[PDB]
Amino acid sequence: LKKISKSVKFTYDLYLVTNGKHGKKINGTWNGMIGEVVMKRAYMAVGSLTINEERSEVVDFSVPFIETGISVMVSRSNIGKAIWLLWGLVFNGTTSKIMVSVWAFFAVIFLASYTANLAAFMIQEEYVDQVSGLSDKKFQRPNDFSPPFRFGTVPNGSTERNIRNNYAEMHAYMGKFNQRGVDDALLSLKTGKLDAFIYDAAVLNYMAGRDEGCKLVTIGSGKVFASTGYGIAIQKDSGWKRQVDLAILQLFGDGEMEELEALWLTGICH
Amino acid sequence: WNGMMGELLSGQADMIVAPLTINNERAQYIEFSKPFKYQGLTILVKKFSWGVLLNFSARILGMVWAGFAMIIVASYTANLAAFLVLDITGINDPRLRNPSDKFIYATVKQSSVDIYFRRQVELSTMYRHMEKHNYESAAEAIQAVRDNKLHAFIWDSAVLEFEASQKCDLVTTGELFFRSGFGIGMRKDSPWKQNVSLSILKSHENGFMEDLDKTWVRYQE
Amino acid sequence: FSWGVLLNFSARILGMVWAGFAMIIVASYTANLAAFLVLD
Amino acid sequence: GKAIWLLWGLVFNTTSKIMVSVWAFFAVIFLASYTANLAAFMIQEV
Ligand SMILES: *[C@@H]1O[C@H](CO)[C@@H](O[C@@H]2O[C@H](CO)[C@@H](O)[C@H](O)[C@H]2NC(C)=O)[C@H](O)[C@H]1NC(C)=O
């Protein structure tokens with residue numbers, strides 16, 4: 001925002017919303033940051049606003065400046081003797097003696113290479129995720145397996161709206177696992193009271209790289225469902241929208257986001 | 001202008017649908033919708049004595065030499081283990097900061113990447129090196145680097161990933177920079193914009209993009 | 001004899017099978033102690 | 001007098017049997033610890 005007001009030369013003043021969190025069309029009435037811009041008590045709303053079709057009909061969203069989505073985070077789980085004689089050499093006449101010694105030489109190369117290669121095997125050990133993705137059998141059939149599973153999300157958000165409109169039963173299951181904050185979900189997951197937490201992709205990446213240790217991870221190497229963007233809410237049909245977005249494109253071309261994201265969005269865990 | 005923008009502004013075209021690189025010059029002359037792609041830029045690269053020596057005064061020497069043989073074979077095991085175990089990285093390569101005739105990095109002539117690198121004069125030497133080896137199409141560069149006539153190729157991430165899936169020798173680098181998107185070029189302010197962007201968003205929201213990736217993007221060779 | 005084998009006609013067959021078991025067990029113990037002491 | 005020759009040879013590969021087994025296992029971890037020093041000296045590097 002400091003970069004924004006610099007080039008278009010507009011004055012402003014901030015204040016905090018008191019009713020709602022991010023916007024919820026209740027009885028046809030929107031609240032939060034979006035609700036005010038509909039009422040035009042404010043001309044711009046800036047923060048963590050998720051671009052979706054439903055919210056694009058009451059306000060206008062400028063070009064997104066950061067890419068995010070919907071993700072799920074889980075805690076990282078922590079003649080008879082002739083064969084006999086030749087058989088012992090591998091497990092550590094004159095011509096008969098010669099055959100034994102050369103066989104021992106082969107055995108030594110066999111055993112020495114066996115231990116050295118085995119040592120390298122434990123060097124590159126890895127782990128795998130327990131769930132394929134959002135369409136997992138334990139997800140589409142929650143609490144339908146020998147071990148009852150548990151997972152939920154914060155209500156009154158964009159992510160909750162998306163779930164209800166694509167998986168009704170899956171949305172209905174999560175009603176008893178609703179959280180109220182980022183920290184509460186992280187701690188409950190740490191305490192084992194919860195098994196999986198679904199929330200915004202951009203912020204859960206931040207918490208993963210800044211958690212105490214690296215106990216909490218996201219599914220896969222980073223998987224995003226329903227890619228979208230974060231946007232700036234503007235009053236409907238504003239004359240600034242042409243100039244508002246043109247500045248954002250100047251930012252990516254020059255490259256200020258790289259430095260800014262390293263300042264705020266960098267992490268510790270890898 | 002020329003190319004896609006040269007044809008679109010001439011009126012012979014109406015709506016450019018292609019992997020269009022969104023930049024600042026294009027937004028001034030023509031309109032866009034929400035980008036349908038998410039990726040950055042990277043590089044494509046190509047990849048009794050017999051029983052003792054082997055196992056009364058002479059017996060002391062024999063046992064000493066047996067110990068010598070044991071320590072010698074232990075040392076040989078140690079050195080073979082050391083032999084078998086112990087013995088560019090993006091734009092930040094100093095050898096690419098000041099290139100030579102050996103490291104050959106090239107890009108597409110009259111493409112958005114060349115303009116992007118010309119914008120930042122801090123890579124003027126790179127702009128002074130790529131000018132001698134700009135190729136018309138990505139296929140030409142891929143074929144030339146497959147013949148090992150090239151050594152690097154600054155290009156999009158998704159295209160080079162599909163190419164690496166096709167050809168196992170194709171390898172990418174580490175750096176992922178300039179995270180832009182691909183969108184649908186349009187004419188000037190027209191009613192073919194609002195519903196177009198709404199349709200693109202409605203396609204992104206559901207599993208349609210995943211299905212299209214199953215068709216072409218997700219698949220590996 | 002058995003006490004002299006584990007540390008150093010199905011009878012000797014099982015004896016050599018257990019000798020191979022002992023060799024692989026001691027190899028595994030050597031590998032795990034080396035990994036435990038060198039890397040971490 | 002011949003116990004020393006037999007005992008030391010077994011280092012490198014009723015009362016008497018028990019004592020050697022402890023000594024051999026002591027030699028077992030001794031050469032095992034020696035291979036660790038080989039690994040330790042490997043990491044070392046005008
Ligand atoms: C989502 O919105 C509803 C409605 O505002 C919240 O429910 C309210 O919760 C407060 C605090 O417990 C009560 O005082 C209100 O009476 C409740 N209203 C209704 C109609 O339920 C709900 O808490 C919000 N989501 C959360 C954070 O759980």
# chains A, B, ... in the order shown; residues from 1 in each chain; ligands from 1

$ select_by_dssp --residues "chain D" --states "alpha helix (DSSP H)" --output "count of residues only"
39

$ residues_near_ligand --ligand "ligand 1" --cutoff "12 Å" --atoms "only C-alpha atoms and all ligand atoms" --output "ChimeraX atom specification"
/A:18-27,30-32,152-157,160,175-182,184

$ write_last_selection --atoms "C-alpha atoms" --output "PDB file, in the first residue's frame"
ATOM      1  CA  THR A  18     -15.689  -4.607  13.794  1.00  0.00           C
ATOM      2  CA  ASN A  19     -18.444  -6.800  12.300  1.00  0.00           C
ATOM      3  CA  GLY A  20     -17.480  -9.988  10.473  1.00  0.00           C
ATOM      4  CA  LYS A  21     -14.120 -11.352   9.372  1.00  0.00           C
ATOM      5  CA  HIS A  22     -13.811 -11.567   5.571  1.00  0.00           C
ATOM      6  CA  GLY A  23     -17.343 -11.375   4.188  1.00  0.00           C
ATOM      7  CA  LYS A  24     -20.483 -13.485   4.426  1.00  0.00           C
ATOM      8  CA  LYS A  25     -23.690 -12.878   2.481  1.00  0.00           C
ATOM      9  CA  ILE A  26     -26.144 -13.483   5.333  1.00  0.00           C
ATOM     10  CA  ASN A  27     -29.795 -12.896   4.411  1.00  0.00           C
ATOM     11  CA  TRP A  30     -22.484  -8.917   3.114  1.00  0.00           C
ATOM     12  CA  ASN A  31     -20.274  -7.997   6.070  1.00  0.00           C
ATOM     13  CA  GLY A  32     -16.582  -7.630   6.850  1.00  0.00           C
ATOM     14  CA  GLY A 152     -12.185 -29.424  10.259  1.00  0.00           C
ATOM     15  CA  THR A 153     -11.751 -25.775   9.393  1.00  0.00           C
ATOM     16  CA  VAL A 154     -12.725 -22.276  10.501  1.00  0.00           C
ATOM     17  CA  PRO A 155     -16.350 -21.393   9.651  1.00  0.00           C
ATOM     18  CA  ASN A 156     -17.578 -18.222   7.910  1.00  0.00           C
ATOM     19  CA  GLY A 157     -14.727 -18.268   5.391  1.00  0.00           C
ATOM     20  CA  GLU A 160     -15.816 -23.301   3.966  1.00  0.00           C
ATOM     21  CA  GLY A 175     -19.236 -29.345  11.349  1.00  0.00           C
ATOM     22  CA  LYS A 176     -18.043 -30.934  14.603  1.00  0.00           C
ATOM     23  CA  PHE A 177     -14.353 -30.098  13.994  1.00  0.00           C
ATOM     24  CA  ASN A 178     -14.675 -26.354  13.392  1.00  0.00           C
ATOM     25  CA  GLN A 179     -11.765 -24.263  14.660  1.00  0.00           C
ATOM     26  CA  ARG A 180     -11.552 -20.575  15.531  1.00  0.00           C
ATOM     27  CA  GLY A 181      -7.958 -19.556  14.813  1.00  0.00           C
ATOM     28  CA  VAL A 182      -4.669 -20.516  13.230  1.00  0.00           C
ATOM     29  CA  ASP A 184      -5.709 -23.240  17.969  1.00  0.00           C
TER      30      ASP A 184
END

$ closest_atom_pairs --of "chain A" --to "chain C" --cutoff "8 Å" --atoms "only C-alpha atoms" --output "tab-separated table"
residue	atom	partner	partner_atom	distance
A:91	CA	C:23	CA	6.4
A:92	CA	C:23	CA	7.9
A:115	CA	C:31	CA	7.3
A:118	CA	C:31	CA	7.4
A:119	CA	C:31	CA	6.2
A:122	CA	C:35	CA	7.8

$ write_last_selection --atoms "N, CA and C atoms" --output "PDB file, in the first residue's frame"
ATOM      1  N   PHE A  91      30.128 -65.827   3.860  1.00  0.00           N
ATOM      2  CA  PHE A  91      29.691 -65.304   5.154  1.00  0.00           C
ATOM      3  C   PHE A  91      30.892 -65.105   6.079  1.00  0.00           C
ATOM      4  N   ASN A  92      31.873 -64.366   5.564  1.00  0.00           N
ATOM      5  CA  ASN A  92      33.124 -64.092   6.266  1.00  0.00           C
ATOM      6  C   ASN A  92      33.806 -65.378   6.729  1.00  0.00           C
ATOM      7  N   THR A 115      28.603 -53.859   2.396  1.00  0.00           N
ATOM      8  CA  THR A 115      28.447 -52.959   3.533  1.00  0.00           C
ATOM      9  C   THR A 115      28.559 -51.499   3.105  1.00  0.00           C
ATOM     10  N   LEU A 118      25.360 -50.579   1.437  1.00  0.00           N
ATOM     11  CA  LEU A 118      24.306 -50.540   2.446  1.00  0.00           C
ATOM     12  C   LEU A 118      24.382 -49.264   3.273  1.00  0.00           C
ATOM     13  N   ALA A 119      25.595 -48.759   3.505  1.00  0.00           N
ATOM     14  CA  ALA A 119      25.747 -47.510   4.244  1.00  0.00           C
ATOM     15  C   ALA A 119      25.102 -46.347   3.500  1.00  0.00           C
ATOM     16  N   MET A 122      20.980 -45.887   3.829  1.00  0.00           N
ATOM     17  CA  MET A 122      20.326 -45.169   4.917  1.00  0.00           C
ATOM     18  C   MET A 122      20.555 -43.664   4.826  1.00  0.00           C
TER      19      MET A 122
END

$ select_by_dssp --residues "region 32-250 of chain A" --states "strand (DSSP E or B)" --output "ChimeraX atom specification"
/A:44-45,50,60-61,67-75,151-152,196-200,216-218,225-230,233-234

$ interface_residues --of "chain D" --to "chain C" --cutoff "8 Å" --atoms "only C-alpha atoms" --output "PyMOL selection string"
chain D and resi 21+32+36+39-40

$ write_last_selection --atoms "C-alpha atoms" --output "PDB file, in the first residue's frame"
ATOM      1  CA  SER D  21      33.750 -65.082  24.672  1.00  0.00           C
ATOM      2  CA  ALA D  32      33.893 -52.115  15.007  1.00  0.00           C
ATOM      3  CA  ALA D  36      34.400 -45.788  12.904  1.00  0.00           C
ATOM      4  CA  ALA D  39      35.204 -43.167   8.853  1.00  0.00           C
ATOM      5  CA  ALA D  40      36.311 -40.354  11.174  1.00  0.00           C
TER       6      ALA D  40
END

$ atom_distance --atom1 "CA of residue 194 (chain B)" --atom2 "CA of residue 29 (chain B)"
18.1 Å

$ residues_around --residues "region 8-21 of chain B" --least-positions-apart "4" --cutoff "12 Å" --atoms "only C-alpha atoms" --output "ChimeraX atom specification"
/A:249,253 /B:1-4,25-27,29-41,111-116,155-156,158-159,178-188,190,192-193,196

$ closest_atom_pairs --of "chain B" --to "chain D" --cutoff "12 Å" --atoms "only C-alpha atoms" --output "CSV"
residue,atom,partner,partner_atom,distance
B:55,CA,D:13,CA,10.3
B:59,CA,D:5,CA,11.1
B:60,CA,D:5,CA,10.5
B:63,CA,D:9,CA,8.7
B:64,CA,D:9,CA,11.1
B:66,CA,D:12,CA,9.8
B:67,CA,D:12,CA,8.4
B:68,CA,D:12,CA,11.8
B:69,CA,D:12,CA,11.5
B:70,CA,D:12,CA,8.4
B:71,CA,D:12,CA,10.5
B:74,CA,D:35,CA,8.5
B:75,CA,D:38,CA,8.4
B:76,CA,D:38,CA,11.0
B:77,CA,D:38,CA,9.7
B:78,CA,D:38,CA,6.6
B:79,CA,D:42,CA,8.6
B:80,CA,D:42,CA,11.2
B:81,CA,D:39,CA,9.4
B:82,CA,D:42,CA,7.2
B:83,CA,D:42,CA,10.7
B:85,CA,D:42,CA,10.7
B:86,CA,D:42,CA,9.5

$ write_last_selection --atoms "N, CA and C atoms" --output "compact mmCIF listing (two decimals), in the first residue's frame"
# COMPACT_ATOMS: atom_id res chain seq x y z
N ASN B 55 44.70 -65.59 3.43
CA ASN B 55 43.84 -65.97 4.55
C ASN B 55 42.40 -66.20 4.11
N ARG B 59 57.75 -67.82 12.63
CA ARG B 59 56.34 -67.69 12.97
C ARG B 59 56.00 -66.31 13.52
N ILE B 60 56.93 -65.69 14.24
CA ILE B 60 56.71 -64.32 14.70
C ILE B 60 56.58 -63.38 13.51
N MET B 63 53.10 -64.01 11.85
CA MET B 63 51.97 -63.35 12.49
C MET B 63 52.04 -61.84 12.34
N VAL B 64 53.24 -61.26 12.37
CA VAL B 64 53.38 -59.83 12.12
C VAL B 64 52.92 -59.49 10.70
N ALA B 66 50.80 -61.23 8.94
CA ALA B 66 49.35 -61.39 8.91
C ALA B 66 48.65 -60.13 9.40
N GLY B 67 49.15 -59.55 10.49
CA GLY B 67 48.63 -58.26 10.93
C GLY B 67 48.83 -57.18 9.89
N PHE B 68 49.98 -57.19 9.22
CA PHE B 68 50.24 -56.23 8.14
C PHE B 68 49.23 -56.40 7.00
N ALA B 69 48.95 -57.65 6.62
CA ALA B 69 47.97 -57.89 5.57
C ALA B 69 46.59 -57.42 5.99
N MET B 70 46.22 -57.66 7.25
CA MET B 70 44.91 -57.21 7.72
C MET B 70 44.80 -55.69 7.68
N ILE B 71 45.84 -54.98 8.14
CA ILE B 71 45.76 -53.53 8.12
C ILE B 71 45.80 -53.00 6.69
N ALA B 74 42.33 -53.49 5.30
CA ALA B 74 41.45 -52.49 5.91
C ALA B 74 41.65 -51.12 5.27
N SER B 75 42.91 -50.74 5.04
CA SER B 75 43.19 -49.47 4.38
C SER B 75 42.66 -49.44 2.95
N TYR B 76 42.78 -50.56 2.23
CA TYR B 76 42.24 -50.62 0.88
C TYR B 76 40.72 -50.51 0.90
N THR B 77 40.07 -51.15 1.87
CA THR B 77 38.63 -51.00 2.01
C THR B 77 38.26 -49.54 2.27
N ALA B 78 39.00 -48.88 3.15
CA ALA B 78 38.73 -47.48 3.45
C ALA B 78 38.88 -46.61 2.21
N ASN B 79 39.96 -46.81 1.45
CA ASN B 79 40.18 -45.96 0.28
C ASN B 79 39.19 -46.26 -0.84
N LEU B 80 38.79 -47.52 -1.02
CA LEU B 80 37.77 -47.81 -2.03
C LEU B 80 36.42 -47.24 -1.63
N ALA B 81 36.09 -47.28 -0.33
CA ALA B 81 34.86 -46.65 0.13
C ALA B 81 34.89 -45.15 -0.11
N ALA B 82 36.02 -44.51 0.18
CA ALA B 82 36.15 -43.08 -0.11
C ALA B 82 36.03 -42.81 -1.61
N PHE B 83 36.60 -43.69 -2.43
CA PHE B 83 36.52 -43.54 -3.87
C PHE B 83 35.09 -43.67 -4.38
N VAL B 85 32.23 -43.25 -2.55
CA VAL B 85 31.23 -42.46 -1.84
C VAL B 85 31.44 -40.98 -2.09
N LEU B 86 32.63 -40.47 -1.76
CA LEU B 86 32.87 -39.03 -1.80
C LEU B 86 33.00 -38.53 -3.24

$ interface_residues --of "chain B" --to "chain A" --cutoff "7 Å" --atoms "only C-alpha atoms" --output "PDB file with C-alpha atoms, in the first residue's frame"
ATOM      1  CA  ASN B  23       3.854  -7.781 -19.144  1.00  0.00           C
ATOM      2  CA  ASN B  24       3.588  -4.005 -18.938  1.00  0.00           C
ATOM      3  CA  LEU B  54      45.418 -64.238   1.514  1.00  0.00           C
ATOM      4  CA  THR B  77      38.628 -50.996   2.008  1.00  0.00           C
ATOM      5  CA  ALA B  81      34.860 -46.651   0.132  1.00  0.00           C
ATOM      6  CA  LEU B 198     -15.878 -14.838 -15.228  1.00  0.00           C
ATOM      7  CA  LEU B 201     -12.470 -17.993 -13.033  1.00  0.00           C
ATOM      8  CA  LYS B 202     -15.320 -20.523 -13.039  1.00  0.00           C
ATOM      9  CA  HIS B 204     -10.242 -22.426 -12.408  1.00  0.00           C
ATOM     10  CA  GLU B 205     -12.500 -22.930  -9.390  1.00  0.00           C
ATOM     11  CA  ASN B 206     -13.664 -26.477 -10.174  1.00  0.00           C
TER      12      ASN B 206
END

$ atom_distance --atom1 "CA of residue 167 (chain B)" --atom2 "CA of residue 96 (chain B)"
25.1 Å

$ atom_distance --atom1 "CA of residue 237 (chain A)" --atom2 "CA of residue 256 (chain A)"
28.3 Å

$ decode --residues "chain C" --atoms "C-alpha atoms" --output "PDB file, in the first residue's frame"
ATOM      1  CA  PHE C   1      29.469 -76.342  19.508  1.00  0.00           C
ATOM      2  CA  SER C   2      26.365 -74.171  19.199  1.00  0.00           C
ATOM      3  CA  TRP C   3      27.729 -71.701  21.757  1.00  0.00           C
ATOM      4  CA  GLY C   4      30.841 -71.544  19.571  1.00  0.00           C
ATOM      5  CA  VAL C   5      28.892 -70.969  16.361  1.00  0.00           C
ATOM      6  CA  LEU C   6      26.525 -68.083  17.134  1.00  0.00           C
ATOM      7  CA  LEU C   7      29.524 -65.892  18.056  1.00  0.00           C
ATOM      8  CA  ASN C   8      32.580 -67.716  16.638  1.00  0.00           C
ATOM      9  CA  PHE C   9      20.897 -83.930   8.256  1.00  0.00           C
ATOM     10  CA  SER C  10      18.818 -80.850   9.063  1.00  0.00           C
ATOM     11  CA  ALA C  11      20.981 -80.163  12.141  1.00  0.00           C
ATOM     12  CA  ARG C  12      23.923 -78.588  10.312  1.00  0.00           C
ATOM     13  CA  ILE C  13      21.492 -77.147   7.745  1.00  0.00           C
ATOM     14  CA  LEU C  14      19.780 -75.131  10.475  1.00  0.00           C
ATOM     15  CA  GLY C  15      23.222 -74.398  11.914  1.00  0.00           C
ATOM     16  CA  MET C  16      24.445 -72.757   8.712  1.00  0.00           C
ATOM     17  CA  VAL C  17      21.104 -70.980   8.274  1.00  0.00           C
ATOM     18  CA  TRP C  18      21.534 -69.488  11.753  1.00  0.00           C
ATOM     19  CA  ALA C  19      25.154 -68.652  10.900  1.00  0.00           C
ATOM     20  CA  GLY C  20      23.945 -66.637   7.914  1.00  0.00           C
ATOM     21  CA  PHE C  21      21.351 -65.028  10.176  1.00  0.00           C
ATOM     22  CA  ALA C  22      24.087 -64.082  12.649  1.00  0.00           C
ATOM     23  CA  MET C  23      26.243 -62.628   9.870  1.00  0.00           C
ATOM     24  CA  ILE C  24      23.418 -60.473   8.527  1.00  0.00           C
ATOM     25  CA  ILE C  25      22.463 -59.402  12.071  1.00  0.00           C
ATOM     26  CA  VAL C  26      26.002 -58.294  12.908  1.00  0.00           C
ATOM     27  CA  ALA C  27      26.267 -56.535   9.539  1.00  0.00           C
ATOM     28  CA  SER C  28      23.043 -54.669  10.344  1.00  0.00           C
ATOM     29  CA  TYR C  29      24.325 -53.739  13.809  1.00  0.00           C
ATOM     30  CA  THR C  30      27.590 -52.467  12.321  1.00  0.00           C
ATOM     31  CA  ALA C  31      25.674 -50.424   9.745  1.00  0.00           C
ATOM     32  CA  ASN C  32      23.351 -48.884  12.328  1.00  0.00           C
ATOM     33  CA  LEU C  33      26.133 -48.064  14.806  1.00  0.00           C
ATOM     34  CA  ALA C  34      28.228 -46.507  12.029  1.00  0.00           C
ATOM     35  CA  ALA C  35      25.283 -44.410  10.834  1.00  0.00           C
ATOM     36  CA  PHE C  36      24.485 -43.431  14.430  1.00  0.00           C
ATOM     37  CA  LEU C  37      28.071 -42.376  15.169  1.00  0.00           C
ATOM     38  CA  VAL C  38      29.343 -40.798  11.925  1.00  0.00           C
ATOM     39  CA  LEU C  39      26.480 -38.834  10.378  1.00  0.00           C
ATOM     40  CA  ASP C  40      24.260 -37.797  13.293  1.00  0.00           C
TER      41      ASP C  40
END
